[PDB]
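S.K.: Provided herewith is a single structure, encoded as C-alpha cells, for subsequent inquiry.
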Amino acid sequence: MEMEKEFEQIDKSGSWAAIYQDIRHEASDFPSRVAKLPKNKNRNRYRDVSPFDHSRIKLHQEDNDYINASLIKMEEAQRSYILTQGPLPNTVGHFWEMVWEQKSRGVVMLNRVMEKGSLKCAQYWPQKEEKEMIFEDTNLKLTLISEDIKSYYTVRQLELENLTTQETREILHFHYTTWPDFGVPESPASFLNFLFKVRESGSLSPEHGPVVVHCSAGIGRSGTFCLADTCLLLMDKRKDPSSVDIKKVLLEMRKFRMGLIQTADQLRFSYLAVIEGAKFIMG
Ligand SMILES: Oc1ccc(CNCc2cccs2)cc1
C-alpha cells in the first residue's frame, strides 16, 4: 500500500501495536559473540543491546578492538550510518578513536545528558573554549571552537587532534535537545528541520566517512533518524515514490543492528515524519 493511506488505515483501526510486533517477529537474528565476552561487560550500557559480529565497528587496536557500534550500509539509497550507544565514562576515548579512524565529519546526538533524573550518557565534549579535553588512553585532544544554540537544537564546531601525528580535523556536533522525556514529539516539524540541517552540512555525504549517530541505547531515536533520512532519499531517487515501503526499509536496517525503533509510537512517528517531509521536498 501507499504510505499516507496505510497510515490513516492503521490509525482508524488502532493496530500500531500489531504492526510493530510483526516487525519484531520478522527481524533478523545474527550472533553478537564479541559483545558478550566477559572482558567487554563495562563497554556495554545495556545487556540486551549488542552489535552483531558481522557489522560491528572495530577499533584499530590490538589489545581490545570492541565498541558497541554498528555500520548500517544502505545499498540502493547509497547512504551509510554508524549507530552507537551514548558513551560511558570508560568508553569516551574509544568513541573519539572511532570518529577519527572512520573519517566521520559529523556526530548526531538525540538525547540530553540527563533525562528522567538519571544519566543517559557521559559529558563527552568540552563546554568551554578554554577547557579542552585530553583522552590519554587513545591519545586524542578535543577542543570546543564555537557553539550556536537554537530553540530545538544546538550545533557545535569541534577540533579533534591526533596527538601521535599532530593531524587535526574539524568535527560538527549536531545536538537535538528537545525530544520529550516520555513519548515522541507531537509534530515532526522540528525533527525534520534538524535532519535537513545535518544534510546541508555535508556530514551525510560520500566524500566523508559515515556519520556517527547516538541516543542512549543507539536503537530508538537513532533508528528514527536514519529510517526517515533513507526513506526520503529513496523517494527522490525512484520513478515511483509511492513504492517506498517503510516497513521493508526498517527490516533491511535491522539486518545491521538489532532493535531499531523501540516502540509502536516511534514507528508511527517515523511514518509521520516521512509523510510530512515528502511534501516539503517538492510541493
Ligand atoms: O562500568 C560499567 C559496568 C557495568 C555496565 C553495564 N553492563 C551491562 C551488562 C551486563 C551483562 C552484560 S552487559 C556498564 C559499565
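Chain lettering (A, B, ...) mirrors the order of the C-alpha cells, residue numbering begins at 1 for each chain separately, and ligand numbering begins at 1 in order of display.
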Tell me, as a list in words, which residues lie within 12 Å of residue 10 of chain A, counting only C-alpha atoms; anything in the same chain fewer than 6 positions away does not count.
M.R.: residues 1, 3, 4, 16, 17, 18, 19, 20, 264, 267, 268 and 271 of chain A
S.K.: Would you mind exporting N, CA and C atoms of the selected residues as an mmCIF file, in the first residue's frame?
M.R.:
```cif
data_model
loop_
_atom_site.group_PDB
_atom_site.id
_atom_site.type_symbol
_atom_site.label_atom_id
_atom_site.label_comp_id
_atom_site.auth_asym_id
_atom_site.auth_seq_id
_atom_site.Cartn_x
_atom_site.Cartn_y
_atom_site.Cartn_z
ATOM 1 N N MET A 1 0.862 -1.221 0.000
ATOM 2 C CA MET A 1 0.000 0.000 0.000
ATOM 3 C C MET A 1 0.885 1.254 0.000
ATOM 4 N N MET A 3 1.901 4.974 1.591
ATOM 5 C CA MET A 3 2.200 5.279 2.980
ATOM 6 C C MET A 3 1.108 6.084 3.679
ATOM 7 N N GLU A 4 0.707 7.232 3.121
ATOM 8 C CA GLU A 4 -0.220 8.116 3.832
ATOM 9 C C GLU A 4 -1.579 7.468 4.068
ATOM 10 N N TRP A 16 -1.441 -0.178 15.607
ATOM 11 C CA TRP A 16 0.001 0.100 15.582
ATOM 12 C C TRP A 16 0.806 -0.951 16.346
ATOM 13 N N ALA A 17 0.293 -1.409 17.493
ATOM 14 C CA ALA A 17 0.997 -2.433 18.267
ATOM 15 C C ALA A 17 1.134 -3.744 17.500
ATOM 16 N N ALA A 18 0.117 -4.119 16.721
ATOM 17 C CA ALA A 18 0.188 -5.375 15.977
ATOM 18 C C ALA A 18 1.143 -5.269 14.795
ATOM 19 N N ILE A 19 1.134 -4.130 14.101
ATOM 20 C CA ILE A 19 2.116 -3.892 13.040
ATOM 21 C C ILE A 19 3.536 -3.960 13.603
ATOM 22 N N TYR A 20 3.767 -3.275 14.731
ATOM 23 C CA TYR A 20 5.113 -3.208 15.288
ATOM 24 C C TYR A 20 5.584 -4.578 15.767
ATOM 25 N N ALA A 264 5.884 1.202 19.359
ATOM 26 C CA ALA A 264 4.918 1.457 18.287
ATOM 27 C C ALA A 264 4.703 2.957 18.074
ATOM 28 N N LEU A 267 7.406 3.987 15.803
ATOM 29 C CA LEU A 267 7.076 3.596 14.433
ATOM 30 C C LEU A 267 6.119 4.603 13.812
ATOM 31 N N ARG A 268 5.045 4.940 14.523
ATOM 32 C CA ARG A 268 4.073 5.888 13.988
ATOM 33 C C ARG A 268 4.725 7.237 13.714
ATOM 34 N N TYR A 271 6.565 7.161 10.382
ATOM 35 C CA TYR A 271 5.631 7.383 9.273
ATOM 36 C C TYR A 271 5.292 8.867 9.140
#
```
S.K.: List as a list in words the protein and nucleic acid residues near residue 97 of chain A, meaning an atom at most 7 Å away when only C-alpha atoms are counted, but skip any in the same chain fewer than 4 places from it.
M.R.: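 Result of the neighbour search: residues 93, 101 and 138 of chain A.
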S.K.: For residue 102 of chain A, work out the shell of residues within 10 Å, counting only C-alpha atoms and skipping chain neighbours fewer than 3 positions away, then give it as an MDAnalysis selection string.
M.R.: chainID A and resid 57:60 82 96:99 105 208:212
S.K.: Once you have the residues from the selection above, write them out as a PDB file, in the first residue's frame, restricted to N, CA and C atoms.
M.R.:
```pdb
ATOM      1  N   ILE A  57      31.651  -2.120  14.365  1.00  0.00           N
ATOM      2  CA  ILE A  57      32.836  -1.308  14.102  1.00  0.00           C
ATOM      3  C   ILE A  57      33.964  -1.826  14.973  1.00  0.00           C
ATOM      4  N   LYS A  58      35.119  -2.083  14.356  1.00  0.00           N
ATOM      5  CA  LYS A  58      36.327  -2.456  15.073  1.00  0.00           C
ATOM      6  C   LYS A  58      37.254  -1.258  15.291  1.00  0.00           C
ATOM      7  N   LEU A  59      37.686  -1.082  16.529  1.00  0.00           N
ATOM      8  CA  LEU A  59      38.758  -0.138  16.807  1.00  0.00           C
ATOM      9  C   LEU A  59      40.096  -0.685  16.321  1.00  0.00           C
ATOM     10  N   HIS A  60      40.950   0.216  15.816  1.00  0.00           N
ATOM     11  CA  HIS A  60      42.265  -0.149  15.289  1.00  0.00           C
ATOM     12  C   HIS A  60      43.248  -0.233  16.454  1.00  0.00           C
ATOM     13  N   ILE A  82      26.833   5.054  11.088  1.00  0.00           N
ATOM     14  CA  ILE A  82      27.291   4.314  12.260  1.00  0.00           C
ATOM     15  C   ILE A  82      26.332   4.636  13.403  1.00  0.00           C
ATOM     16  N   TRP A  96      35.898   8.657  20.544  1.00  0.00           N
ATOM     17  CA  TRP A  96      36.568   9.604  19.651  1.00  0.00           C
ATOM     18  C   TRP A  96      37.602   8.898  18.774  1.00  0.00           C
ATOM     19  N   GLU A  97      38.178   7.800  19.255  1.00  0.00           N
ATOM     20  CA  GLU A  97      39.039   6.987  18.395  1.00  0.00           C
ATOM     21  C   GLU A  97      38.274   6.505  17.164  1.00  0.00           C
ATOM     22  N   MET A  98      37.027   6.042  17.354  1.00  0.00           N
ATOM     23  CA  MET A  98      36.202   5.590  16.233  1.00  0.00           C
ATOM     24  C   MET A  98      35.929   6.731  15.270  1.00  0.00           C
ATOM     25  N   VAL A  99      35.495   7.885  15.799  1.00  0.00           N
ATOM     26  CA  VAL A  99      35.266   9.054  14.941  1.00  0.00           C
ATOM     27  C   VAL A  99      36.493   9.310  14.064  1.00  0.00           C
ATOM     28  N   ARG A 105      32.695  13.122   9.616  1.00  0.00           N
ATOM     29  CA  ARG A 105      32.637  14.577   9.721  1.00  0.00           C
ATOM     30  C   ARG A 105      31.698  15.014  10.837  1.00  0.00           C
ATOM     31  N   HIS A 208      32.840  11.958   2.856  1.00  0.00           N
ATOM     32  CA  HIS A 208      33.275  11.760   4.234  1.00  0.00           C
ATOM     33  C   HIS A 208      32.969  10.325   4.664  1.00  0.00           C
ATOM     34  N   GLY A 209      33.576   9.891   5.769  1.00  0.00           N
ATOM     35  CA  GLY A 209      33.192   8.663   6.426  1.00  0.00           C
ATOM     36  C   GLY A 209      31.766   8.742   6.941  1.00  0.00           C
ATOM     37  N   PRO A 210      31.207   7.632   7.443  1.00  0.00           N
ATOM     38  CA  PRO A 210      29.802   7.656   7.883  1.00  0.00           C
ATOM     39  C   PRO A 210      29.582   8.566   9.087  1.00  0.00           C
ATOM     40  N   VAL A 211      28.437   9.236   9.083  1.00  0.00           N
ATOM     41  CA  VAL A 211      28.008   9.979  10.257  1.00  0.00           C
ATOM     42  C   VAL A 211      27.879   9.012  11.437  1.00  0.00           C
ATOM     43  N   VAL A 212      28.223   9.491  12.639  1.00  0.00           N
ATOM     44  CA  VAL A 212      28.028   8.744  13.888  1.00  0.00           C
ATOM     45  C   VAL A 212      26.761   9.273  14.565  1.00  0.00           C
TER      46      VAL A 212
END
```
S.K.: My list of candidates is A:117, A:241, A:51, A:202. Which is closest to ligand 1 when distances are computed with only C-alpha atoms and all ligand atoms?
M.R.: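 When distances to ligand 1 are compared using only C-alpha atoms and all ligand atoms, the smallest one comes from A:51.
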S.K.: Check segment 19-265 of chain A with DSSP on the backbone and list each residue it calls strand (DSSP E or B), as a ChimeraX atom specification.
M.R.: /A:56-58,66-74,79-84,104,106-109,114-115,118-119,133-135,140-149,153-162,167-176,209,211-214
S.K.: Please check which protein, DNA or RNA residues sit within 6 Å of ligand 1, counting only C-alpha atoms and all ligand atoms, and write them as an MDAnalysis selection string.
M.R.: chainID A and resid 41:47
S.K.: Suppose you want the space between atom CA of residue 166 of chain A and atom CA of residue 63 of chain A; what is it in Å?
M.R.: 23.3 Å
S.K.: Residues within 8 Å of residue 122 of chain A, please, as a count of residues only. Count only C-alpha atoms; anything in the same chain fewer than 6 positions from it doesn't count.
M.R.: 6
S.K.: Could you work out how far atom CA of residue 61 of chain A lies from atom CA of residue 108 of chain A, giving the answer in Å with one decimal?
M.R.: 24.7 Å
S.K.: Excluding residue 111 of chain A and residues on its chain fewer than 2 positions from it, collect all residues at most 7 Å away from it, counting only C-alpha atoms, and give them as a list in words.
M.R.: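 Contacts, with the query itself left out: residues 109, 113, 176, 177, 179, 215 and 216 of chain A.
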S.K.: Considering only C-alpha atoms, state which residue in the set A:222, A:50, A:21, A:162 is at the smallest distance from residue 141 of chain A.
M.R.: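 Checking each of A:222, A:50, A:21, A:162 against residue 141 of chain A, counting only C-alpha atoms, the winner is A:162.
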S.K.: Might you pull out every residue within 12 Å of residue 205 of chain A, with only C-alpha atoms counted and same-chain residues fewer than 4 positions away left off, and present them as an NGL selection string?
M.R.: :A and (77-81 or 103-106 or 198-201 or 209-211)
S.K.: Those same residues - C-alpha atoms - I'd like them written as a PDB file, in the first residue's frame.
M.R.:
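Output saved as part10.pdb:
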```pdb
ATOM      1  CA  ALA A  77      19.981   4.659  -1.176  1.00  0.00           C
ATOM      2  CA  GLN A  78      23.810   4.905  -1.185  1.00  0.00           C
ATOM      3  CA  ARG A  79      23.952   6.079   2.438  1.00  0.00           C
ATOM      4  CA  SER A  80      25.913   4.668   5.353  1.00  0.00           C
ATOM      5  CA  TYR A  81      25.496   5.392   9.085  1.00  0.00           C
ATOM      6  CA  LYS A 103      36.866   9.675   8.999  1.00  0.00           C
ATOM      7  CA  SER A 104      33.442  10.869  10.109  1.00  0.00           C
ATOM      8  CA  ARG A 105      32.637  14.577   9.721  1.00  0.00           C
ATOM      9  CA  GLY A 106      29.536  14.748  11.931  1.00  0.00           C
ATOM     10  CA  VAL A 198      22.597  17.829   9.191  1.00  0.00           C
ATOM     11  CA  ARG A 199      22.209  17.160   5.449  1.00  0.00           C
ATOM     12  CA  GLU A 200      23.195  20.721   4.465  1.00  0.00           C
ATOM     13  CA  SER A 201      26.460  20.464   6.438  1.00  0.00           C
ATOM     14  CA  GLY A 209      33.192   8.663   6.426  1.00  0.00           C
ATOM     15  CA  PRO A 210      29.802   7.656   7.883  1.00  0.00           C
ATOM     16  CA  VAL A 211      28.008   9.979  10.257  1.00  0.00           C
TER      17      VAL A 211
END
```
S.K.: Could you tell me how far atom CA of residue 159 of chain A sits from atom CA of residue 194 of chain A, in Å to one decimal place?
M.R.: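 Interatomic distance, atom CA of residue 194 of chain A to atom CA of residue 159 of chain A: 22.0 Å.
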S.K.: Write out as an MDAnalysis selection string each polymer residue whose atoms come within 10 Å of residue 190 of chain A, counting only C-alpha atoms; drop sequence neighbours fewer than 5 positions from it.
M.R.: chainID A and resid 151:153 176 178:179 185 195:196 273
S.K.: Could you save the residues just selected, with N, CA and C atoms, as an mmCIF file, in the first residue's frame?
M.R.:
```
data_model
loop_
_atom_site.group_PDB
_atom_site.id
_atom_site.type_symbol
_atom_site.label_atom_id
_atom_site.label_comp_id
_atom_site.auth_asym_id
_atom_site.auth_seq_id
_atom_site.Cartn_x
_atom_site.Cartn_y
_atom_site.Cartn_z
ATOM 1 N N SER A 151 16.452 27.059 19.330
ATOM 2 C CA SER A 151 15.330 26.684 20.181
ATOM 3 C C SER A 151 15.139 25.174 20.286
ATOM 4 N N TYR A 152 15.409 24.411 19.217
ATOM 5 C CA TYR A 152 15.214 22.966 19.276
ATOM 6 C C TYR A 152 16.517 22.169 19.227
ATOM 7 N N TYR A 153 17.617 22.784 18.816
ATOM 8 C CA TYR A 153 18.882 22.066 18.718
ATOM 9 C C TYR A 153 20.035 23.049 18.810
ATOM 10 N N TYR A 176 20.223 17.467 19.071
ATOM 11 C CA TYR A 176 18.785 17.702 19.156
ATOM 12 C C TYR A 176 18.399 17.639 20.634
ATOM 13 N N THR A 178 15.391 18.693 22.306
ATOM 14 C CA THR A 178 14.005 18.839 22.739
ATOM 15 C C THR A 178 13.159 17.573 22.605
ATOM 16 N N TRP A 179 13.755 16.400 22.398
ATOM 17 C CA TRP A 179 12.937 15.186 22.419
ATOM 18 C C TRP A 179 12.366 15.009 23.837
ATOM 19 N N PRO A 185 7.688 13.377 19.914
ATOM 20 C CA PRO A 185 7.170 14.723 19.652
ATOM 21 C C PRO A 185 5.793 14.688 19.000
ATOM 22 N N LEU A 195 17.053 17.305 10.676
ATOM 23 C CA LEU A 195 17.618 16.415 9.658
ATOM 24 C C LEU A 195 18.184 17.206 8.479
ATOM 25 N N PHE A 196 17.413 18.188 7.990
ATOM 26 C CA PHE A 196 17.840 18.995 6.850
ATOM 27 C C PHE A 196 19.097 19.795 7.176
ATOM 28 N N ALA A 273 6.858 11.533 10.063
ATOM 29 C CA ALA A 273 7.990 12.333 9.586
ATOM 30 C C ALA A 273 8.214 12.173 8.084
#
```
S.K.: Taking into account only C-alpha atoms, which residue in the set A:7, A:269, A:100, A:256 is nearest to residue 167 of chain A?
M.R.: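 The answer is A:100, which sits nearest to residue 167 of chain A.
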S.K.: Taking only C-alpha atoms into account, which of A:228, A:217, A:163, A:62 comes nearest residue 258 of chain A?
M.R.: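 Looking only at the distances to residue 258 of chain A, the closest residue turns out to be A:217.
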S.K.: Can you pull out every residue from segment 135-242 of chain A that DSSP, working from the backbone, puts in alpha helix (DSSP H), and format the result as a PyMOL selection string?
M.R.: chain A and resi 189-200+221-237
